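Q: Residue numbers (the authors' numbering), protein chains in the order written: chain B, 20 to 101; chain F, 17 to 102; chain M, 32 to 134; chain E, 35 to 134; chain I, 1066 to 1287; chain L, 1066 to 1287; chain C, 10 to 118; chain G, 10 to 119; chain D, 27 to 121; chain H, 25 to 121. Don't be surprised by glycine CBs; every beta carbon is placed ideally from N, CA and C. Got a structure for you, questions after.
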Amino acid sequence: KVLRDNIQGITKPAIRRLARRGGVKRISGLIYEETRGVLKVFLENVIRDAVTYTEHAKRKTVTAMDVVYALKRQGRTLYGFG
Amino acid sequence: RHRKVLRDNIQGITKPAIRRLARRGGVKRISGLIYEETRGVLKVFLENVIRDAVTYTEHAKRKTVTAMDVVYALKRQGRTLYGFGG
Amino acid sequence: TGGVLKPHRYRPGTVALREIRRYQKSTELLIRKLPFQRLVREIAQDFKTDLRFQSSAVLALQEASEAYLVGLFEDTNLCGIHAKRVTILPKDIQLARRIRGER
Amino acid sequence: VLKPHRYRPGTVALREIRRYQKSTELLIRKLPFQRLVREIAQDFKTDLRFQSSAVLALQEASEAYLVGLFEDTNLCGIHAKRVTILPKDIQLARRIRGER
Amino acid sequence: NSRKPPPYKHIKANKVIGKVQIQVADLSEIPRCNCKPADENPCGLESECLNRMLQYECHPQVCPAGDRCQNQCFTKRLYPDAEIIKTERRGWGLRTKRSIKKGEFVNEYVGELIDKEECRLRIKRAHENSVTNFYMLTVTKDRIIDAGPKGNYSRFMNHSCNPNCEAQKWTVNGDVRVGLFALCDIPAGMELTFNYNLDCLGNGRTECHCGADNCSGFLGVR
Amino acid sequence: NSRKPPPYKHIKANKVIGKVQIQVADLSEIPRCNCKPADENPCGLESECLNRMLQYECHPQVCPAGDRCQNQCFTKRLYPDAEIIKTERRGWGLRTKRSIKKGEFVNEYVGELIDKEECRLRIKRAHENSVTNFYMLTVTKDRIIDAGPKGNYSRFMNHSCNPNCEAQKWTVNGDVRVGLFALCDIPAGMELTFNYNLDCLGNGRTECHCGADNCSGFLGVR
Amino acid sequence: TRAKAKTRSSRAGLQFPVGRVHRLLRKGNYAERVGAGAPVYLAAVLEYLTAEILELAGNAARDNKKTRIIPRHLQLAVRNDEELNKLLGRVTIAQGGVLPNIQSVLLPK
Amino acid sequence: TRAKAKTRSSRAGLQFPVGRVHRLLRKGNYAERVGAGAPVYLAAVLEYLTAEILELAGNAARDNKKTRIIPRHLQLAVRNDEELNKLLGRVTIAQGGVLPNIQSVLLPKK
Amino acid sequence: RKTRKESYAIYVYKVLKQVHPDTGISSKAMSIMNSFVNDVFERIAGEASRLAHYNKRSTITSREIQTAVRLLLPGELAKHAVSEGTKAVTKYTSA
Amino acid sequence: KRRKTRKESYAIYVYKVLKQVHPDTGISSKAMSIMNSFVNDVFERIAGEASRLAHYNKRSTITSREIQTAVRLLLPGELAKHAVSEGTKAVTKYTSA
DNA sequence: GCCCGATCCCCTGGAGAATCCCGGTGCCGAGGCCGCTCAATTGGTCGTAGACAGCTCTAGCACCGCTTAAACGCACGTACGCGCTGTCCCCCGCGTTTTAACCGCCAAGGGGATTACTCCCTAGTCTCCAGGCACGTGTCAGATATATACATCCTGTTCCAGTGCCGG
DNA sequence: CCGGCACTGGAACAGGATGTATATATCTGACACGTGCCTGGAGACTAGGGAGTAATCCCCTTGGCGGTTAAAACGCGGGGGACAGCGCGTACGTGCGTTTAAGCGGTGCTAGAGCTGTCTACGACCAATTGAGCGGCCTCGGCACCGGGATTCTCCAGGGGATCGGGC
Ligand SMILES: C[S@@+](CC[C@H](N)C(=O)[O-])C[C@H]1O[C@@H](n2cnc3c(N)ncnc32)[C@H](O)[C@@H]1O
Ligand SMILES: C[S@@+](CC[C@H](N)C(=O)[O-])C[C@H]1O[C@@H](n2cnc3c(N)ncnc32)[C@H](O)[C@@H]1O
Ligand SMILES: [Zn+2]
Ligand SMILES: [Zn+2]
Ligand SMILES: [Zn+2]
Ligand SMILES: [Zn+2]
Ligand SMILES: [Zn+2]
Ligand SMILES: [Zn+2]
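In structure tokens, the structure reads:
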């Protein structure tokens, strides 16, 4: 089945926790709709490159090195996942 | 020896010069303390490029700084520049 | 026939300064794993159809998303404080992203 | 002899914003800029010579840096509801950029 | 009917009656302050203790200032003066001798760890045999303190709509307690009082019959 | 003594006598606005014209509105009413027929392009033989407009500490010119007048004999 | 050598040098072997990318009533197109200038 | 082979493998030839830059009453030194966290 | 003395005369077009290199070149260049 | 079972270096991955910078004199002054035996 | 007048307490050995990359004088920061009820990863011949710049047309 | 009252003041065109290995079910913070005159960049021998919990001993 409406599984308390780890003390009421649009354009740029790296090798399974290469390409190195 | 040393040449970047650079960027009104801070911001930027250009120059065993050392030292920090060769 | 006494409430700003200290010291993940994993499979369907994912390739995306959001919420706060406020509004995110170079 | 009314504040500035954004020349003096390069470069090696066009290459990078820092400085001021720039907007712009 | 109140059992800590007892905390969850070994008051009162302001309580094994700190008051029991004096308007009450600077506290409120259903049982008992219990205080869902059998000078207390004492909750060693603090500065030799807001499902008994500007009010409105 | 003054040679443009001439610039250094072909007022008075706001004048070969724009007023000379009439308190003055809303202008100030030294010599002659010539206007360094021998219906104007006009300078086709305007809305049939801030190198002649709240003043006090 | 020598960029129908792109690939330390269609693929892309930054610069120069092209028209052509502005994002062009832009809060009311 | 073999890490006095750095340089498409002191110079820098981090990570793990290093101590070690933090500016360590820091204007005052 | 210096001047000048038959260009602008061509060549080659390395190969082929263009060029530029390349590669072999 | 092929890493030299600075601490299986990534990341920056230094000058060899310059271009101020000493002492001790 | 039988402040037989401390017990994740196979060390041979010495000639540094555009003080008026006060609305802390993430099992099969075999695509050599680069001849880009009769518009003037006054 | 005669002006003439186009004075610098040659690209073979194609095995990704408890959703009060309006005063902008270096042409000089020729030491290549490093199977053993008597202390327990209203 085709998926839909999964952007609403990022609840409101899950965003307040990230704001508290970032260090903010008081939050407005329009930030929750503003953040689900910034999170959704960061993931597309990474998944596009991961799927390109995957098709070039004739596989049908996204591995954990495709993501690391697609991240390093944009200057976001990540240590710890081989 | 023709060794005329220099000192206090950071005051040749006058006040009208800075006002023109601020007008090209779109600024209408300017405070009175920007002048003694733009100079400190420029003196920091020039050192990180001259150091790398002199490093590229000593490796080739030379004494003249050419116009390719500057292009390499600039491109090495993500500030590519078109027009001067390469 | 008999009342039960209640103490005084907390002042606004105390239970929000306790959570800053609690969360700036742990290392756990702050999003639910099944809700996050459905979103990736929904997005990746408009590039190539019917493909599979490794359980450790889905865990590498969740470590980058949170490191991105937590570090954007630290630049938003400095703009809110620049404008002489304590609350963060939707017009600080845009100034931060525009100066930083994305939008 | 009588004189006409003088200009109002904010016209002779808003009129040259419009003419420095239309030309392409250089906005500093060549001899004062060159004497400063030859002085900074004395802390790394003695008796250095410079080609004639290695000094015309640094001036353009410098001006392109400053002209673009001022455009970021001009948005924080408007954010704070002012129209003048102060020495505490440069620091915010540089810190958010990731330099200081 | 002319001397000290009817006999009570004098105790200092709280015991458990129900099922859940104290949550004994290890020395790895206790928060920490940023104070340095410095002048006469470390973690004092006029200073900015990151624990004291968030209503925590230091423990001498983690605090950098060691044992010179003055943030150990729920565990040392340096209770003030002011023993019992009978009251003319209400039953006994209390009275003080000396003055107290605003910002310091009086004896802790101690009792027994009664629970919800047994508290229900007890209030129905008090109705069907005419006791009308008046010693209850909520600390947490299904965690209640009762000062009927156990207690100290604190249980001999009354109400006011313009008091000088407040009841705030602190977290000591991973456990939530309750200590009464003084609202304003008090001259020597008067009756202290703290305000409490009742929460009952029965009927309204009476009005706060003191004498002041806002003293009238009522019991269960404001 | 009571009618039209002695004859005065009429001139429409500005002629040169000294050494500096006009600056005929080409169609390569004239600023150009950003208006769009639109309703009754393109580059009009109630529009947001970047050339009108900064006191520029559009050329019909650059302005995108072709010949529909209203920003060409110095080169067309559609002057309003109020030609020469006679005044009793002062020499001649003027009076209009139709009420001019705020934002329109009055005839341009024309004359001869004498220089600094020539103004010196002329004022000195007129002083040593008691003529007291008072038709001068400084517009630039070593550039003065003289309306003594020639001019138009403008040089017959006066001072007023409570004025309704203004002498503000515009840049047309790379050359600076002066033009009179209207401060605010006024009725019809009265005397339009304008303030000028005199700058005297010698003595102050007279006091401003206008009648109003603050028109006592003087000629050159501020 | 018996037949008539015919270049490699006339078979493909191009204007750029395939035989020079090949040597630049082979003597630049990119890999150990270079195939036969790699230069023919790369020359077409290098030509397509350059044959469209000039088609905007000519249009921008004709809107000034001029004949030649100068470093200012390249700046005007590049900062006014939303894909070239993302490709050449951190590049500085000598003697280019800036774009005419003035905020809306600084104009007089 | 006639004499008794001796690895090249023992001739220079190192712990990292010179003979493996040499092969990684030779089969990596960096140049046409490779000198004889390049691996011996590169290993002696790769080892210093590692001792430098492990020392601070062990110091940081000692001040918590632990006898083992975990990914949090590698984070605290690097984000406190102003030159390792410049070498590793755009890098993300998995399960590291952040540094405790609250702004002064937000604290509750009387 | 003065051995030589290679550039793309005589090919830029050939390409210009197909889009604008009556238009010139100056030296300061030719020296920018040269830098542009040299800058893009070495972004496109230095990534096919890394692809062939990641996949344990030894040859750079037209498939590597085609994949390394979809990662660099954004949007419609890629969609048009990928079509321009496989026309030359088809016309070349059938001859 | 198949006895899958071998994979090499630096996890037995990192462990030899640790026992000379802190003789009684351990390390976790998830903290060793980060150190592998660190070493593999720092090897490539230096090698890639020396590769371009050797080509700007029209040489075709990588010697101990390009490595020294790449270390200076890459490392910060006070870090780049101890690494040079380490390398130049190792090379001297090596070429004497 | 002395003291009887009860009477409330000191006093301790077990108790109860949590728990200072002194032993079992079940624990996964770091440490440890014993084969084993393939990648690093030893020993010669060969040919090209790079070090070193000369020599020619460009171009970077220094000095001198002249003209004029840009930098420097100084005065004055007003538009813009910056602090203070009052209103109201929107975000935080608390209780109840509802929903879906987690954890532990079981089951079926798609596709990632080796291993053997064979063929065609690329490097390496010799010939050979025309494309691209440095230098030299040529036509404007049509700019900018002065003289020069005289193109229509402003004006001192000299005989000419109306006009009023003196006279026969 | 009619004619003579002096008196007078709107308007154009002559010579001139002055506005627009046209025939020389002479420089003028940079993009676009010819021509020889010298090196690099094209043609025609041969030789060895890198990548393509087909089978075989087993690991790990996907799917379903049941039960329990922690987290998400919803509705209330209330106090604190965002925002608008005034008022005062300091500091930046506009204009004018005097003082100071930047820019533009020369003239003389030598330091060092760039190219050519010779020649010795250094890195690729190949064959033979042996030990360093990776995978799998095992211990040992210091960590979190249960006891567990019983410990320095306190506590419920009613008990003894100084102290009286009448008792004697
Ligand atoms: C908390 S108990 C403690 C005092 C003691 N039980 C007594 O009153 O004799 C006090 C009881 O007296 C009542 N009370 C005390 N002060 C009061 C007052 N000022 N007004 C009304 N009721 C009061 C309360 O309702 C409560 O039930
Ligand atoms: C500029 S002329 C205007 C008319 C001209 N004088 C005429 O008679 O035709 C006016 C002269 O009178 C003086 N004047 C005009 N109006 C004045 C006034 N309102 N108060 C004082 N003097 C005034 C001025 O000094 C000026 O010299
Ligand atoms: Zn503290
Ligand atoms: Zn403390
Ligand atoms: Zn009361
Ligand atoms: Zn217009
Ligand atoms: Zn307009
Ligand atoms: Zn007056």
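Please list, in chain order, all residues with a C-beta atom less than 6 Å from at least one heavy atom of ligand 8.
A: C1226/L, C1273/L, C1275/L, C1280/L, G1282/L
Q: Starting from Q125/M and walking both ways along the beta strand (DSSP E), at which residues does that stretch end?
A: No beta strand (DSSP E) holds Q125/M; the alpha helix (DSSP H) holding it covers 121-131.
Q: So, do the stretch 94-104 of chain E and the stretch 58-69 of chain F have three or more beta carbon pairs nearer to each other than 8 Å?
A: Here the stretch 94-104 of chain E makes contact with the stretch 58-69 of chain F; the two share three or more CB pairs at distances below 8 Å.
Q: Please confirm whether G105/C and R81/C have their CB atoms less than 9 Å apart.
A: Yes, they are a contact pair.
Q: Anyone know if the C-beta pair for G72/D and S88/D falls short of 9 Å?
A: no
Q: If we count the other Cβ atoms within 10 Å of its Cβ and call it buried at 16 or more, is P1107/I buried or exposed?
A: buried
Q: Cβ closer than 9 Å: which chain B residues qualify as neighbours of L77/D?
A: Near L77/D (Cβ distances below 9 Å), the residues of chain B are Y72, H75.
Q: Out of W1235/L, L1115/L, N1079/L, which has the shortest C-alpha to C-alpha gap to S113/C?
A: Shortest Cα-Cα distance from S113/C to any of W1235/L, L1115/L, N1079/L involves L1115/L.
Q: Could you say if the stretch 56-64 of chain C and the stretch 30-50 of chain D meet the contact criterion of at least three C-beta pairs nearer than 8 Å?
A: With the cut-off at 8 Å, the stretch 56-64 of chain C and the stretch 30-50 of chain D touch.
Q: Pull up the CB-CB distance for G1267/L and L1284/L, whole angstroms please, since I reckon it's below 8 Å.
A: No, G1267/L and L1284/L are not in contact; Cβ-Cβ is about 12 Å, not under 8 Å.
Q: Using the Cα positions of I26/F and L70/E, report the straight-line distance between them to the nearest angstrom.
A: 7 Å
Q: In this structure, what does DSSP give as the bridge partners for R1133/L?
A: Looking at the DSSP assignment, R1133/L forms no beta bridge with any residue, so it has no partner.
Q: Assuming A69/G and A86/G make a contact with CB atoms under 8 Å, what is their CB distance in whole Å?
A: 5 Å
Q: Report the CB separation of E92/C from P47/D in whole angstroms; it is logged as a contact under 8 Å.
A: In fact, because the Cβ distance is near 26 Å, the residues do not count as touching under 8 Å.
Q: Below 8 Å on C-beta distance, what does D68/F contact in chain H?
A: The answer, in chain order, is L97.
Q: How far does the beta strand (DSSP E) with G1244/L in it extend, from its first residue to its last?
A: 1240-1247
Q: Taking 8 Å as the cut-off, is the C-beta of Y1200/I nearer than that to any heavy atom in ligand 1?
A: yes
Q: What is the rounded straight-line gap between the Cα of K1234/L and the Cα of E1111/L?
A: 20 Å
Q: Could you pull the start and end residues of the beta strand (DSSP E) that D77/E belongs to?
A: Per DSSP, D77/E belongs to no beta strand (DSSP E) and is neither H nor E.
Q: Given a threshold of 16 other Cβ atoms within 10 Å of its Cβ, counted over all protein chains shown, does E1177/I qualify as buried or as exposed?
A: buried
Q: Taking Cβ positions, are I119/E and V43/F nearer each other than 9 Å?
A: It is a contact, given that the beta carbons lie within the stated cut-off.
Q: So with CB distances below 9 Å, who are the chain C contacts of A55/D?
A: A66, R77, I78, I79, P80, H82, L83
Q: Based on DSSP bridge pairs, tell me the residues matched to residue 1295/I.
A: Here chain I has residues from 1066 to 1287 only, and residue 1295/I is not among them.
Q: Among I112/E, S96/E, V117/E, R49/E, whose alpha-carbon lies nearest the alpha-carbon of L61/E?
A: It is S96/E whose Cα lies nearest to the Cα of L61/E.
Q: Using a cut-off of 9 Å between C-beta atoms, extract the partners of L1202/I located in chain M.
A: Going along chain M in sequence order, the residues near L1202/I (Cβ under 9 Å) are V35, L36, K37, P38.
Q: Could one say the Cβ of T93/H lies closer than 9 Å to chain F's Cβ atoms, at least one of them?
A: Yes - at least one Cβ of chain F is within 9 Å of the one on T93/H.
Q: Mind checking which residues open and close the alpha helix (DSSP H) that includes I34/B?
A: 32-41
Q: Is any non-hydrogen atom of ligand 7 found closer than 8 Å to the C-beta of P109/C, if you look at the structure I gave you?
A: no
Q: Between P1070/L and ligand 2, is there a pair consisting of the residue's CB and a ligand heavy atom that are separated by less than 8 Å?
A: yes
Q: Taking the alpha-carbon positions, what's the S1164/L to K118/C distance?
A: Looking at the backbone, the Cα of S1164/L and that of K118/C are separated by about 25 Å.
Q: Which of the three DSSP states is assigned to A95/M in this structure?
A: helix
Q: For chain H, is any of its Cβ atoms less than 9 Å away from the one on residue 4/G?
A: One cannot answer for residue 4/G here, as it falls past the ends of chain G, which runs 10 to 119.
Q: Can you give me the Cβ contacts of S1219/I inside the same chain, cut-off strictly under 6 Å, excluding the 5 residues immediately before and after it?
A: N1172, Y1174
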